[PDB]
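One chain comes next, on its own, written out as structure tokens in the form deposited in one PDB entry.
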């Protein structure tokens, strides 16, 4: 180890030297001639305070891996960077090993490469300042802090030979997402899956002040993490030999992991180890500047020497800083390459940390096999039951790359049919009266919506499949996390060596239109608006009409790649309108159904519509609950006024580019064919009225379109009262249609009075009896089977 210990010091010294070169230097990288004012970048950008901590961890992980390969191999280690602002330290480590040269040819480990990476850091058109899809071996960007611990647990599933080492800052540990994720070890079995190894950087400071975790003593830190289900060890820089103590720390930790993953002699809960390291922020850099305590203080976070290009005394400080690392003893200047010491340090080439086989996709991604599609039976359509039955067969046909995530809502959402094939993962004691709990369950449930999102994206980014479901009103809790993932997808489209991934799928049910045991607090359809705002061909919403439409919607979602999808439907018995055999699947090529009521003619070809025969009024809807009110309103209008020709339209899908899907998006010319150039359009929507207004802005004549939807008005009451409160009931729609057609008061004045009276009677019945009126309860609806 004595020869090994000294070799690690050379690796850390060289990594530190290259980190400084990328931040400051524009020329004279090897320091052959004295530094001047022309060898400094015009704008200094980047961060330095946390960079020395990254260099320490990466070098010690490389030494451990070589020991593992020497005897009793099998375990492959990876690296996760939580503090994404420490990217220049990560770039240097991927350069000293030949990982970077496999993607970019100009990044060869010679004098030409040193100038290339140093000059192009943070340069316009060069490398970015933070982690991104352009860096090999990267799955977490780390921009918005707090989503590292949960993502590591998601990429560690079904990979028994992967050990993921994730670095978390002490400031980042104060986030709610990190605080909840410490209990994730109580639901995941580390024998059939891998092991997550977290490292707490604990440099003591945030941007401009101390940290909560830095103020705690040694006794407090051990007690807290030992109560969270871990085994922490503490190493601090205020000791005799930091590198010697760090070496024994990482060695003894990996020893525990091997003595636990292969013996399998434990049936109770396990205690995974973790590392807490304490160090001075910005170590080995500038100590003081104007007597202001740069090192060991929050002032080392960003660039320390701000005026190195203008101040003579700052230029000197930078030169003495870099000359502290004796780079001429590690690099051969005449040849232009490292000395022989580096090849001894990392002799094995296939299993280098930055090219891990388990973490990297394109080596594990496989197609998903879909079972046959069967119709639904009965008089009442139950959308959630049909989807739950289809997902049960998917679990059987793909026993290795499918998983399900929910915040204890699968029973409430009527999706428990998936429990005939698997259970819920649980590593603690199980009671005799408890059911559906197993150690190897493929469904993970926890009340933290952020932890569930982290596990799902860790699974998909490694090359697997998964689905997440929850209450619709509580989806916006993870709006920011979805946005960060959406930025990963758009950037990855410009990388030629990335490949393909499965899409992110959401099932949202138990909407606010039918919240019976709850009230106003559970009605918030804002998440689907957030998804539609991405503008790089990302974001699709499915709005099924019945159970037949639902099963082919989830089937289409499971076949799409590199996107984000959301499904919204109810869970209560509902009328069934369409047949699955041919009608409903044909709708999916466009996602719109058109019915011409005055001739009982269904339309599927948009070019058969004739200008000679057009409706006097168009009734439209999007959403199962608002479609039922629209069909009922058409029945009332067909009975009373026969001269008014009405065209019925339902929209099953919406995308960020317009109406329909990305594969088949409705054009502007077709929109004029369906909706006449100048005719009233009454449109009822499942969500906010402004969400649809933004989409319909780019279509023809938006002045004549009346849009109604949820308006943040409701309480605990009957389902009909909720529709009438927001003015989307059947009698609300039929009054609006009469007003729009002609004058609206010539003969329909008496009809408007009668329909208003009917609505008044129904609301009065509910108040007295707490039950919907028999006229609406036993309504006979239309069907297009």
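The term rigid core refers to the most C-alpha atoms you can superpose between the two forms while keeping them within 1.5 Å. Numbering follows the first chain given and starts at 1.
This protein has a second form, the form deposited in another entry, left out of what is shown; the following refers to that one.
When the two forms are overlaid on the rigid core, CA displacement between this form and the one not shown of 2 Å or more is confined, within 313, 302, 586, 364, to 586. Fitting the two forms on the rigid core leaves the C-alpha of residue 259 displaced by at least 2 angstroms between this form and the one not shown. Taking 2 Å as the criterion, residue 239 counts as shifted between this form and the one not shown: its C-alpha moves by at least this amount when the rigid core is aligned. Once both forms are overlaid on the rigid core, the distance between the two CA positions of residue 250 between this form and the one not shown is 2 angstroms or more. An increase of at least 3 Å in the separation of the C-alpha atoms of residue 598 and residue 587 is found in that other deposited form, compared with the displayed form.
Look at residue 240 and residue 276: in that other deposited form their Cα atoms come 3 Å or more closer than in this form.
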